[PDB]
Structure formats: structure tokens, C-alpha cells
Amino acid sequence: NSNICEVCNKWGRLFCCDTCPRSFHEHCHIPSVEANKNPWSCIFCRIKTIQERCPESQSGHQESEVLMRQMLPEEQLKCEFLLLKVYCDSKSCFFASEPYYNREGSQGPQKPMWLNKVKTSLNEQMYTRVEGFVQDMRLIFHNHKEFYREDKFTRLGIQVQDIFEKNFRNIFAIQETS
């Protein structure tokens, strides 16, 4: 197996996947690495299995249909993996913990949002449809863009949003378009 965490790229107390060579810190994996289970399969492996079981699940889909899906176990897992993919980028540090807003010429957002809050919300089964998860994720980046206005720091939101959106289109097999 790898000797660094797949998400944060640091060594430490790592748990190894039994079906691929990836490794994770306990709370870097989503969901948090399960207490027992031998063998253990990581979230990348569990997603691959879903695809292999139902090859047709990779045919193109309309976003509007994806968003209305209820959060049954497979959709819950897909949102966990998509959240994980965002944490995999080092620029996610900017969006992880609860923000605060005190900048001359800007007002803070009405509904602040951050990755660790989405993470908790997923863990607590608070989202009933895919749409709830995707709306909170997009709100993170939209709040950022709106607050930082013309500061070049706004680009960090564009950058991590692009990682989110590309992974959303891949995981949920959104029909390709120009």
C-alpha cells in the first residue's frame, strides 16, 4: 500500500485498503474509517464496485434528474466520495472550517457554508435528496465569489468549484455536452 494518505498526502496513523493500494487517515476517509471490518474496502473501491455491478450506471444523465434522487445508500456514498474528492485538493483548506467576514466594502453572506459542515450534515443523514448536498457545496463557492468581489483571492473559489463540478459530472455520470 501507499505510505501517505490519499487525501492529505501526509504520513501518520494510516489505514490501508485491502482491495487497492490506497491508504487513509481515519478522519480523512469519508465516511471515517470503520472500527472493525477485515477485509476493508475504501470508498474508491466501493464506488468502482457500484459501476462494475451496473455498467449502465455510466450512461449519461441529466443533472435535473440526478438532483431529485433520494439519498438512498448508493447516492449517500456517491456524495461522500464527491466531498472526499474536493478535500483531496490542497486548496480545500480555505473552505474547510467555519469562515468569518470582516472586510471593508463587503458584507458577509446570509447563509455561511463550509466543507466540515457538509461533512457533518452527511454523517448525520440530514440531506434527503442529492439536491440538498449539491446546493450546500455550490453555496460554499458562490458565497466566496460574492464576498471577495474583485480581489484576486476570488479565484480560489473558481478553482475549487471547478474541482467539485468536474467530479460531480464524473461520479454521477452527467451527459457530456459542449
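Just count from 1 along the sequence shown to find any residue number.
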query: 115-123 versus 37-45 - greater average Cα B-factor per the deposited record; finding: 37-45
query: Higher-B stretch (mean Cα B-factor, as the entry records it), 100-108 or 87-95; finding: 100-108
query: Highest-ranked of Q161, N9, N167, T154 once sorted by CA temperature factor in the record; finding: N9
query: Entry-reported Cα temperature factor of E26, expressed as the chain third it lands in; finding: highest
query: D136 CA temperature factor, ranked by third within the chain; finding: lowest
query: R53 - Cα temperature factor, lowest/middle/highest third of chain; finding: highest
query: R129 by Cα B-factor - lowest, middle or highest third of the modelled chain; finding: lowest
